[PDB]
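Peer 1: So that we are looking at the same thing, I have put the structure below in structure tokens.
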Amino acid sequence: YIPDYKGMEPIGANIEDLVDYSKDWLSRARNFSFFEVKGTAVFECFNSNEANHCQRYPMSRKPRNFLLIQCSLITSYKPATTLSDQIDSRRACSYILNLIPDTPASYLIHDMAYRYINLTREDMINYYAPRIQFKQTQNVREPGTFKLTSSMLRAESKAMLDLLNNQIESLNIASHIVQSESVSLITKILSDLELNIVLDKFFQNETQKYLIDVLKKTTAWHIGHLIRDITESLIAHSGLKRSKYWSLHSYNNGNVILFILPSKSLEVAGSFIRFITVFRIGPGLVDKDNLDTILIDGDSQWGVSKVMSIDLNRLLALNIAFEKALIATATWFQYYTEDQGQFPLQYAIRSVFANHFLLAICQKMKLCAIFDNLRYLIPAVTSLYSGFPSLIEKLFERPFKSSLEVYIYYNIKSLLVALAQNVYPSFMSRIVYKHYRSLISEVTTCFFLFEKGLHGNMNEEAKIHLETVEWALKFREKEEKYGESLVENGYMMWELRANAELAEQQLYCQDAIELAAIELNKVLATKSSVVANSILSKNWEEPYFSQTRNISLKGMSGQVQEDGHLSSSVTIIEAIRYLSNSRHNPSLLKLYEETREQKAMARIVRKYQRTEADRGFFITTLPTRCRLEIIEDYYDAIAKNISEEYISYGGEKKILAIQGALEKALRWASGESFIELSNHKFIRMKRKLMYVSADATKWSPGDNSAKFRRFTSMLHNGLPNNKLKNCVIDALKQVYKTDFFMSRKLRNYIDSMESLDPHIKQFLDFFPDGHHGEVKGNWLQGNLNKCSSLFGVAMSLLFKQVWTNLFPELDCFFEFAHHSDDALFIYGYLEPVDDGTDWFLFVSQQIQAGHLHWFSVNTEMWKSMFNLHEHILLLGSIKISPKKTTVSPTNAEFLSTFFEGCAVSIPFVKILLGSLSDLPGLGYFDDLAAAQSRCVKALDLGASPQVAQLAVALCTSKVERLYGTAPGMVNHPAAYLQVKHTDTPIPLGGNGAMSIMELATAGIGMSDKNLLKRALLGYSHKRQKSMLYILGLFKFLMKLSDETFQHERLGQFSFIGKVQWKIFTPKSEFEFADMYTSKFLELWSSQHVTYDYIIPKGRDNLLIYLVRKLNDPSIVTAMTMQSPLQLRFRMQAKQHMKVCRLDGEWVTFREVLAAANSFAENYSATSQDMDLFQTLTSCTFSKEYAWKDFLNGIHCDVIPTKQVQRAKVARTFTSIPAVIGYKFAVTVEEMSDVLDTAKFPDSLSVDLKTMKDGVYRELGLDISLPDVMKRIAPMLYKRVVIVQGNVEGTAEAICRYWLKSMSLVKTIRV
RNA sequence: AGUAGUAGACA
Ligand SMILES: [Mg+2]
């Protein structure tokens, strides 16, 4: 009933006071926060920092290791097999036993080789044996492992084993010999890595000859395949049962030997696989200084590497290193083609590929940090004004331990000085780009070559708490200095006029807040009805827990335990706990009323990102989520009506909106300006633009949340009262003070440290009880993004109003874009046309008339614009970053996107590289669909069709080897099915090879429908046995879909159906999953069919619906699987385990294949199946085949005219659950719940009448039948492309554009 | 010995 809360009275702020304050503030010279970019300045910065660096860190004489694996190749590489491994291992051990060991590592490999060569015939039989026929032996306990006890170890090998189970220096970058040595070493490595050892046709001319056929002969290519084999062996050894034993593998005809030492299993957290590599000395990933030993022979040298301990993250990174480098070099290839208008030469391509492969091999945190610095440094020295001195000072705040670090520093220094001298010379080549986009993209690809979360876990666990503790302490000092009331309620403007120090972060001006709210109300009042309806269109009377966001599997804080930590749970568990302990299902406002007295609590956990410092995100408790949901719903509803706020936009509508803003800015500058003159005359003026790509320093931490309260009390909503407004203000008051708990991991770490250094003592003092402290003002990051972004928009509008009042004679222009801590400001200013006469005189006349603030607009008035905008933003506790903010007349950066004028450049390599890590863990069909979907998303984001096709091939191959369905593997369909690999349905291991264009247009499930059409046509034409077999396979798939339940249906949708996979089974079975028996759950699902499409709105039925949710196969899998645990997928999927679902039991994929074959061979085509398949072929091809028909029928001819590049532009591709619920509703509670869910309960029947007819026409099926509509319903619930300028928004034109871009350098006419 | 680190770790 929206309980009445205390409101806040206005204070009557006057815009005249702020205008006169700005008049005074602009009469003095103001120091610009940025520095001009010149070659001499950057050179001086580098020189000073380089000379000062030697005092920061102790002298180091030995460069540290940078290569994770050391190996070498002299000949072409062949993939390893079992027999090949056996013969290679025998030959390699024969070679090794003839060498002389001197280091303990050489002694250890000698002992391992002796033990392996002294293994019997039976041991060699059990060794290499598949899991089907493996039998335990005295020496061999696992298929690929042997035992090597201490009775068979020398003194040196045992010494090495003891070594394994036992301030930071830096090199001299200032030294000119250290740089030379590092450059020589890295250059030698790179040079030896380059040593040579319809769309399909276009791919053949271009992507094969100049990209694939060039890099296929390189040493890097074959070394990458060898690294894949070695990492596959190490992954196989990392199993929970195999890891405690020794292992010996050989590659390249016995030239490379991998010795795997006993290791902690990689299924555990914080474990390392330990291994040694012994190889023949030659070209490749060789670092002689960091090699453990070199054993000489009769003109043969054998490099023995150190013992390397590698974690799961780096091992999985190394496993896909070849594909990573390949996609990176292909992206570089396309970008070079776009920039230079020509294909790169062979030497440059080989160099780029070797550089990418070296970067992917060296998965080290320090190189990642260096590249993270570089991706910000490059925009700094390429701008007009930037914080490049601070960025260069930050680049030197690190020790350079490895040779690669010194080499990269050398290259970075050279590139930055050359850039600031000015044409964009490349960082990893010797080409001169014409566009800054080519350069920034290339270095961003280099940055994305590093996997996320390479940081040290223990250090980062503290580094994520440090900032929150520090800024809470700062807030405490501010409260002590100025008083609690002044800090919380803000300072008045008359106080700022007396104390100019008041303008700083965590302090705000009440007058500024009110004036900004007035400026926003000037827009909000012209759409009062729209704003009010949007507010009322929220979940204000809907029950709280009947929302998907309220029962999700995302993290949640529980209650303070006996030890004092905050519990870890998920949202659904807390929802079920509250519902069990409650009597009804409360509303959002009711839930806030019940839990208002409890206090906001939070924890911080790692985000696991690839930045130099890992930011952490906060997990709060339930009442905190209620308060935040109230505030964020209110402010999202209000902010949807503001065009300068960009979080409220869609996922990719932001790019379109910022494009429109840029067109407005460029249209304003197209023209001229006129300044009236004393004697009714006019001084002409030229319009100019200046973009500020701005970041915000400590956007949430250095903030005061109370500033929102008054803002909320003054923002215009069309509601007829203040009840909801007062509730939002109350909720904001209830998040002002929060409990911040430290993680138990950091707590135990500090508890294990005995004595404490002073900084750790200062950090620990923030927590009085030792577990949680109190944070004021700071709204936790990602909790009030919409509110704070709208507040920043309001402050920008306040600056606009103040500046307009300041200079009514000046017709300046302003465009503002806010996305929280990201901002894009566009200042349109005026310059004298001819010389400066009649303008300097005019400004002097204005000064002589008392308008002293005109001193700021004498020259470069955009500087004064930014100064005043920054000051007014600081009035609202918003600091523009002095380092991360760039100022430029041409180039802008916003939302990870680069603009040059109005052009758009989105980095598509990020999602392309993430496709290689795409693993939903739900099945072969689902994972293939996800990978292809991400490749299609890359195509929409600017990837070329050829590069997208290459990534599609790589991702499909990766998924095929992941699930064992590729030819020669155990789950290959051809071994058990009487059909071909390409004629098999995809859910049954069918071939995933499919062109990118059809996936982009037709869809993801096109392959199964095409196979169904082929089988139907064959059977209806000549009645083959093979076509009847394929139809029987489709029938078998349809049976499996019927065996499942409607409420258990996730992932991609296939009408034919697919196998159901359960992959991860928890050992604890979760909480609240046993209060209702399985029989009860299935009977309830049988007798309550309305709830397979809607959520129950009553507590009694919603508790059952939620307890049933904890037993979904896709829920227990997703509630226990982590991002890298795809490691386990190499054992229980490829080698195969009890994963798939068949006949109400969990079996292997092999059992599913056998059952499919048996059902398909004994299959007869009936009339019902005939009609069903006919409808499927005649209804899904009425639109999808038209895409295939459009692509096949069209013809492309290559015009001899050379391709012309152009600026890119973003174009567009131009409730039902309640309906099924109403259809299936029988009981009174089901009807009530579907009426509540439905927005228009009265029209529902008519809607149902429209649903039956619409499906009967478009889908050719009647929803009156239960099974048909049950199959149809998942599909009934159903894009922005970066193209060239001439392409229109019609969906028939974007496919045409893709066909035109089928060739990278040639023009195509259709 | 590795990863990591001017927060003491894996161990
Ligand atoms: Mg920015």
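Peer 1: In cubic angstrom, how much convex hull volume per residue do the alpha carbon atoms of the stretch A:1103-1161 span?
Peer 2: Value for the stretch A:1103-1161: 100 Å³ per residue.
Peer 1: Work out how far the C-alpha atoms of the stretch A:114-269 reach from end to end along every principal axis, then list the three figures in whole Å, largest first.
Peer 2: Principal axes ranked by extent give 57, 56, 32 Å for the Cα atoms.
Peer 1: Over the Cα atoms of the stretch A:691-735, what radius of gyration and what Dmax do you get, in Å?
Peer 2: Both quantities, over Cα of the stretch A:691-735: 14.2, 42 Å.
Peer 1: Right, next: When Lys and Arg each count +1 and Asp and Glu each count -1, what net charge do the other residues less than 13 Å away from A:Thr218, Cβ to Cβ, add up to? Can you show the working numbers first?
Peer 2: On the way: positive: A:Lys216, A:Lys217, A:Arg350; negative: A:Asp192, A:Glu194, A:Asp213.
Residues near A:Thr218 contribute 0 overall.
Peer 1: As a test of understanding, state the convex hull volume per residue of the stretch A:772-894 from its alpha carbons, in Å³. List each step's numbers first, then the result.
Peer 2: On the way: hull volume 16.5 nm³, N = 123.
In the stretch A:772-894, the Cα convex hull volume per residue is 135 Å³.
Peer 1: Here is a further query. Once Rh for the stretch A:40-100 is found with the Kirkwood sum over Cα pairs, what is the Stokes-Einstein diffusion coefficient at 20 °C and 1.002 mPa s, in µm²/s?
Peer 2: 123 µm²/s
Peer 1: Size of the dipole of the stretch A:28-164 about the Cα centre, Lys and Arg at +1 and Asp and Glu at -1 on the beta carbon, nothing else charged, in debye to 20?
Peer 2: The dipole of the stretch A:28-164 has a size of about 320 debye.
Peer 1: Another question about this same structure. So, how do all the Cα-to-Cα distances of the stretch A:587-675 break down into 5 Å bins, in percent, from 0 on up?
Peer 2: Histogramming the stretch A:587-675 at 5 Å steps yields 3, 11, 11, 11, 13, 15, 13, 8, 5, 4, 3, 2, 0 percent.
Peer 1: Let me ask something else about it. Please list log₁₀ I(q)/I(0) at q = 0.17, 0.19 Å⁻¹ for the stretch A:931-1024, using the Debye equation with identical point scatterers on the alpha-carbon positions.
Peer 2: The Debye formula, applied to the Cα set alone, gives -0.79, -0.92.
Peer 1: Under 22 Å Cα-Cα from A:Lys1249, which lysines qualify once same-chain neighbours fewer than 8 residues away are excluded?
Peer 2: List returned: A:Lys1223, A:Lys1239, A:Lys1270, A:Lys1278.
Peer 1: Same structure again: Just to check, using Stokes-Einstein with a Kirkwood Rh over alpha carbon pairs, what's the diffusion coefficient of the stretch A:651-809 at 20 °C and 1.002 mPa s in µm²/s?
Peer 2: 101 µm²/s
Peer 1: Turning to a different aspect of this structure: So how long is each side of the stretch A:1153-1309 along the principal axes, counting just the alpha-carbon atoms, biggest first, in Å?
Peer 2: Reported extents, whole Å, longest axis first: 70, 49, 29.
Peer 1: At 37 °C and 0.692 mPa s, what whole-number value in µm²/s does Stokes-Einstein give for the translational diffusion of the stretch A:1128-1174, with Rh from the Kirkwood sum over Cα pairs?
Peer 2: My calculation gives 260 µm²/s for D.
Peer 1: Let me make sure I get this right: for the stretch A:242-375, a, b and c are the square roots of the gyration tensor eigenvalues over alpha carbons, sorted descending. Under 1.5 in a/c it's rounded, otherwise prolate if a/b > b/c, else oblate. Which is it?
Peer 2: oblate
Peer 1: Arranged from highest to lowest average of other beta-carbon atoms within 10 Å per residue, in what order do the peptides A:369-376, A:1034-1041 appear?
Peer 2: Values: A:369-376: 19.8, A:1034-1041: 21.4.
In decreasing order of mean packing, A:369-376, A:1034-1041 become A:1034-1041, A:369-376.
Peer 1: How compact is chain A by the rule of thumb for globular proteins, expressed as Cα Rg over 2.2 N^0.38 Å?
Peer 2: With N residues counted in chain A, Rg over 2.2 N^0.38 Å equals 0.99.
Peer 1: In the stretch A:456-537, if the dipole is taken from +1 on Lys/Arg beta carbons and -1 on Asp/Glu beta carbons about the Cα centre, which of A:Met492, A:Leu466, A:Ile535 is farthest to the positive end?
Peer 2: Among A:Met492, A:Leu466, A:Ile535, the one farthest towards the positive end of the dipole of the stretch A:456-537 is A:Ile535.
Peer 1: Moving to a separate point now. Treating the stretch A:209-314 as a set of equal point scatterers at the Cα positions, no solvent, please give the Debye-formula log₁₀ I(q)/I(0) at q = 0.18 Å⁻¹.
Peer 2: Computed log10 I(q)/I(0) values: -0.94.
Peer 1: What is the ratio of the Cα radius of gyration of the stretch A:1216-1276 to 2.2 N^0.38 Å, where N is its residue count, to two decimals? It would help to have the intermediate numbers written out before the result.
Peer 2: Details: Rg = 11.4 Å, N = 61, 2.2 N^0.38 = 10.5 Å.
Against the compact-globule rule of thumb, the ratio is 1.09.
Peer 1: Could I ask something else about it? How would you classify the stretch A:1138-1243 from its alpha-carbon gyration tensor, with a ≥ b ≥ c the square roots of the eigenvalues: rounded for a/c under 1.5, else prolate if a/b is greater than b/c, otherwise oblate?
Peer 2: The shape class here is oblate.
Peer 1: Roughly how big is the stretch A:1216-1276's charge dipole about its Cα centre, with Cβ charges of +1 (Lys, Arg) and -1 (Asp, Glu), in debye to the nearest 20?
Peer 2: 240 debye
Peer 1: Another question about this same structure. Taking the Kirkwood radius as the inverse of the mean 1/r across Cα pairs, report the Rg/Rh of the stretch A:1-55.
Peer 2: Details: Rg = 25.1 Å, Rh = 17.4 Å.
Reported Rg/Rh (Cα atoms, Kirkwood Rh): 1.44.
Peer 1: Determine by what factor the alpha-carbon radius of gyration of the stretch A:700-767 differs from 2.2 N^0.38 Å, reporting the quotient. Let's see the in-between values first.
Peer 2: Working: Rg = 19.9 Å, N = 68, 2.2 N^0.38 = 10.9 Å.
Dividing the Cα Rg of the stretch A:700-767 by 2.2 N^0.38 Å gives 1.82.
Peer 1: Cα gyration tensor of the stretch A:973-1037, axes a ≥ b ≥ c as square roots of the eigenvalues: rounded (a/c below 1.5), prolate (a/b > b/c) or oblate?
Peer 2: Numbers: a/c = 2.23, a/b = 1.41, b/c = 1.59.
Oblate is the answer for the stretch A:973-1037, as a/c is 1.5 or above yet b/c matches or exceeds a/b.
Peer 1: Okay, helix-only estimate at 222 nm for chain A: each DSSP H run of n ≥ 4 adds -39500 (n - 2.57), divide by all residues, round to 500 deg cm²/dmol; what do you get?
Peer 2: Value at 222 nm, helices only: -14500 deg cm²/dmol.
Peer 1: Still on this model: Give, rounded to the nearest 20 debye, the magnitude of the charge dipole that the stretch A:829-913 has about its Cα centre when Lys and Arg contribute +1 at Cβ and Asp and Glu contribute -1 at Cβ.
Peer 2: Working: 5 positive and 8 negative charges, 132 e Å.
Dipole size: approximately 640 debye.
Neighbour counts are summed over all protein chains in view; Cβ atoms, including those assigned to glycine, are modelled from backbone coordinates with ideal geometry. A short reminder: the numbers here are calculations on the coordinates, not readings from a lab.
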